[PDB]
Amino acid sequence: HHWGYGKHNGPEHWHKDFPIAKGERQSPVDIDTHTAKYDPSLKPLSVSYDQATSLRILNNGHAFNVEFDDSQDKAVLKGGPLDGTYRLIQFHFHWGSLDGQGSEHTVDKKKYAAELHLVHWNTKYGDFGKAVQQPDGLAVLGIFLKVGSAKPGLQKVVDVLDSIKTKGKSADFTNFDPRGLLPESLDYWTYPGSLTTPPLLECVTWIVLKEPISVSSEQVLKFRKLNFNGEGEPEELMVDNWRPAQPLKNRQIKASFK
Ligand SMILES: Cc1cc(C)nc(SCC(=O)c2ccc(Cl)c(S(N)(=O)=O)c2)n1
Ligand SMILES: [Zn+2]
């Protein structure tokens with residue numbers, strides 16, 4: 001009876017195995033755009049994905065991860081609200097059963113169709129497993145997806161999905177360039193939060209871009225064909241793999257703009 005996204009093991013139950021689910025800096029949150037403070041001291045984000053080595057794509061039974069070789073100083077996030085340098089380890093998405101839901105963060109209560117998370121760990125802690133035990137361990141760049149025109153830089157991801165339908169399937173996935181998943185603007189909101197999945201560790205500086213990317217209905221439909229179950233088990237489509245907004249509690253969301 002492990003955690004997941006259903007009635008009996010979804011978000012509302014996670015607190016029994018992971019009590020920090022009711023902690024002081026949980027994610028996601030609603031971003032009230034009127035209440036976010038513009039911080040002129042925030043720096044442009046620096047996203048340096050020129051040498052990113054993707055390696056493989058994995059279906060883990062919760063989402064899928066596009067993984068990067070993070071054994072060298074390639075694919076780094078820095079600047080923004082960050083001190084130091086964060087290295088890209090993986091990205092994944094959360095999405096809905098319907099286009100009117102799927103994001104984890106919301107913007108004045110608006111829910112997007114999906115949300116991409118590019119996960120980076122702070123090099124000062126040497127690896128991802130040590131970084132998640134620190135309050136400044138991770139920086140996640142979150143990008144909303146709305147349904148409209150296709151994102152051409154997303155199609156390679158879409159096209160490999162039929163090879164990783166079920167939990168525990170992986171496929172070789174090299175030369176994937178995550179710059180093709182990025183909006184023109186890098187204006188952002190930022191706040192201190194947590195992993196949105198168990199173990200819900202309070203180790204993330206969230207950086208949510210204001211400009212969504214558009215993807216086509218046919219691209220998101222292919223996300224909804226994945227399965228949460230493993231091969232040979234009854235089919236449970238992988239949809240609605242999002243945690244709802246959590247209380248903001250004693251936190252301030254900062255805007256890099258306007
Ligand atoms: C840490 C961890 C360990 C195991 C066994 N599974 C997962 S599934 C979700 C995931 O890979 C993950 C990893 C790190 C981040 Cl930061 C986030 S999220 N949804 O907060 O961006 C999600 N996560
Ligand atoms: Zn995520």
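One-based numbering, in listed order, for ligands and for the atoms of each. The residues of the chain are indexed from 1 along the displayed sequence. Values reported hereafter were calculated over all heavy atoms of this structure, with side chains retained and with hydrogens, waters and symmetry mates removed.
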Is there a side-chain contact between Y49 and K74 (heavy atoms, below 4.5 Å)?
no
Nearest-0.5 Å distance that lies between atom OG in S163 and atom CG in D172
9.0 Å
Within-4.5 Å side-chain heavy-atom neighbours: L138 and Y86:
no
May I ask you to identify the nearest protein heavy atom to atom 9 (C) of ligand 1, giving residue, atom name and distance to one decimal place in Å?
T197 OG1, 3.3 Å
Within the 4.0 Å heavy-atom shell around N65, which atoms of ligand 1 are there?
11 (O)
Evaluate whether atom CD of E236 has more than 12 neighbouring non-hydrogen atoms of other residues, nucleotides or ligands under 6.0 angstrom away.
no
Metal site angle (apex the Zn ion (ligand 2)), ND1 from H117 and NE2 from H94, 10 degrees:
100°
Before you tell me yes or no, could you show the steps for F93 and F64 under ring pair (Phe, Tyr, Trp, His ring centres under 6.0 Å), namely the whole-Å CA-CA distance, both residues' side-chain angles and the distance that decides it to 0.1 Å?
CA-CA 7 Å; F93 304 83; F64 60 88; 5.6 Å; yes
Could you list the atoms of ligand 1 found under 4.0 angstrom from a heavy atom of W206?
20 (O), 21 (O)
Among all protein heavy atoms, pick out the one at the shortest distance from atom 15 (C) of ligand 1; state its residue, atom name and that distance to 0.1 Å.
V119 CG2, 3.8 Å
Find out whether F173 and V66 are in side-chain contact, i.e. whether some heavy atom of one side chain is under 4.5 Å from a heavy atom of the other.
yes
Flag the pair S194 / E202 as yes when at least one side-chain heavy-atom distance between them is below 4.5 Å, and no otherwise.
yes
For atom 13 (C) of ligand 1, tell me which residue out of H120, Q90, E115, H117 has the closest non-hydrogen atom.
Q90
Measuring only between side-chain heavy atoms, which start at C-beta, is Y112 closer than 4.5 Å to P212?
yes
Protein contact for atom 11 (O) of ligand 1 (heavy atom, distance under 4.0 Å)
yes
State the atom name: nearest N, O or S atom of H92 to the Zn ion (ligand 2).
NE2
Going through the distances and angles, do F18 and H13 end up as a ring pair (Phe, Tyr, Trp, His ring centres under 6.0 Å)?
CA-CA 9 Å; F18 306 91; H13 287 273; over 10 Å; no
Looking at atom 3 (C) of ligand 1, is any protein heavy atom nearer than 4.0 Å to it?
no
Option nearest atom 1 (C) of ligand 1 (shortest heavy-atom distance, choices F128, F91, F64, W3)
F128
Which ligand 1 atoms, with their elements, are less than 4.0 angstrom from a heavy-atom of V140?
16 (Cl), 21 (O)
Verify salt bridge (charged side-chain N to carboxylate O under 4.0 Å, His left out) between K225 and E235, making sure each step is shown before the conclusion.
CA-CA 10 Å; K225 286 182 84 179; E235 182 168 32; over 6 Å; no
Atom 17 (C) of ligand 1: which protein heavy atom is closest, and how many Å away?
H92 CE1, 3.7 Å
How far is atom 6 (N) of ligand 1 from its nearest protein heavy atom, and which residue and atom name does that atom have?
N60 ND2, 4.7 Å
Heavy atom of the protein closest to atom 19 (N) of ligand 1 (residue, atom name, distance)
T196 OG1, 2.7 Å
At a 4.0 Å threshold, what atoms of ligand 1 neighbour a non-hydrogen atom of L138?
16 (Cl)
Show which atoms of ligand 1 fall inside a sub-4.0 Å distance from at least one heavy-atom site of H94.
19 (N)
